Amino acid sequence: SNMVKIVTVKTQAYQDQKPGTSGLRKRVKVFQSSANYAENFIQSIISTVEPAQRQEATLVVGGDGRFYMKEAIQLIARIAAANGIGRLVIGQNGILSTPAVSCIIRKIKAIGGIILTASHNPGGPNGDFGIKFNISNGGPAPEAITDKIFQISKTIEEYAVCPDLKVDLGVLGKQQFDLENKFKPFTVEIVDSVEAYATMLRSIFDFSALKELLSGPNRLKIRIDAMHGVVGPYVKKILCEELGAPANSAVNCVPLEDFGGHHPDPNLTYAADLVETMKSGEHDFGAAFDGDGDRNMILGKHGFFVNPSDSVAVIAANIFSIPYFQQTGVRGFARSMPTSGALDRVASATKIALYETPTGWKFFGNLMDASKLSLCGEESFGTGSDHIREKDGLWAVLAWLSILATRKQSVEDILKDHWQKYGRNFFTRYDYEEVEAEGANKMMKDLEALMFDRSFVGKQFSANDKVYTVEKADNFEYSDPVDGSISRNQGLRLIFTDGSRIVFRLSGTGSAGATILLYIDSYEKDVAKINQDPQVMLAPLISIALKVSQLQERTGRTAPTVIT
């Protein structure tokens, strides 16, 4: 059980093993009930690595703890070994947060990693499973590589595997495996799930300033909800053990294979337990993370909700409370196109570049690799820095703690001050789920044709009292300044002279039929307007959005599925 044979298994190809930008995500049953399904996909990844580079290569491997993950890691090891891959670094018990994997790939200069996560999607025997491939910069495999893996998956006929190799995932250290009639060994190193990521955070943030903030009778009282996913141990070992926060601060911080039977997806409904806890008024700061730790929700005293578009703006405005940025400086700011323009106000005032990208990581990564991007955020609960090449939920929480420690204000008072200084970008996202594809497609084509007409710029819409004048309308296009690529049809933008925007996108998910995403960003600068209810302040533009798009007529929906 340390000396294993290499064998070749004939297999039948599948046709649907397309890695996408976030990994191949299938129902767990599919993986269990489809012969060699996982085997085929893992082999197809490894086949992208030139056989001459495998011995010297290391792959980082870990996941979010969901059901089926360890069985997948075992067969990843069995296949990487047979294929001549030299070394695997695997998090203890298979557990590695997505930011941790990106951390470790970059630190040890691995060729890439394979993350066993489906992020926010439910886990368990009746849930989903995902296999994500990252490359040597720590970030997601780009299109040209995922295309290759797809190609190989569709015509694969055999894979190589040591069926007898079994890694003990529970014990730290190097396990060596001697392969029959192979000179070099195959080496697995089990590493503590948290250490290398904690060591990175210890250099990024002022752990002494934070321990002071979090400890003692005058402590900042926090509740940090890992939603039964991967970031749990990271919370316990960093916020509690190392930074001295009371152990009751770590909520749902024990990874569960079914994530507790719920979606590890941070927002005001999936994380309603945190919200109600914060509602009591006992704690100053709340936060929630998704299954793999790259998304985060930020809550203040009494459940005050910092929406992700605002969060990245507040961090930008106070970025030098964070030692990493004092020493790198601020290379640039970025948000996805549908994210609110609050960040732009900070970037304009402090005169730092604001990159407005299509949705998707690759655009942030390219700018990061160019040394042009320090801080990025997305309206979908995503905040990141160029410290790694994934977004990082716990990083965003420690950024907020750093800012709370230097500001010595509540979360809410910080936001009120932010809104008084930069004005407020009220923001909401409307989700229309599983509308008929023909109707949604017609809605988009009709709206775009309407926007394209020479008279549309300048058109006026009463609210009333307020008049919105369209300054610009288009289907968003982005020419990437690094890889040369052009991304078209990235979303319909109605840009108004007052700084406000309406944005329509069709969701790229594989759900039954289309999902419509309507983003409303209404800028207000006035004192009597910036502390009103957001949904009340957004209602005029919501009315304009639905009228100009004829959404109800094209879909039959009188209300969104979700309001965020």
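Position 1 is the first residue in the sequence shown; the rest follow in order.
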Entry-level comparison of average CA B-factors, 435-443 and 212-220, reporting the higher stretch: 212-220
Entry-level comparison of average CA B-factors, 98-106 and 72-80, reporting the higher stretch: 72-80
Of the residues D292, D178, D386, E378, the one carrying the largest Cα B-factor as recorded: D178
Options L538, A514, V60, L517 - largest CA temperature factor per the record: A514
Entry-reported Cα temperature factor of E390, expressed as the chain third it lands in: lowest
Within-chain third of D498 by Cα B-factor, per the entry: middle
Ranked C-alpha temperature factor of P140 among modelled chain residues, by third: lowest
Chain thirds of CA B-factor: placement of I563: lowest
Lowest, middle or highest third - CA B-factor, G510: highest
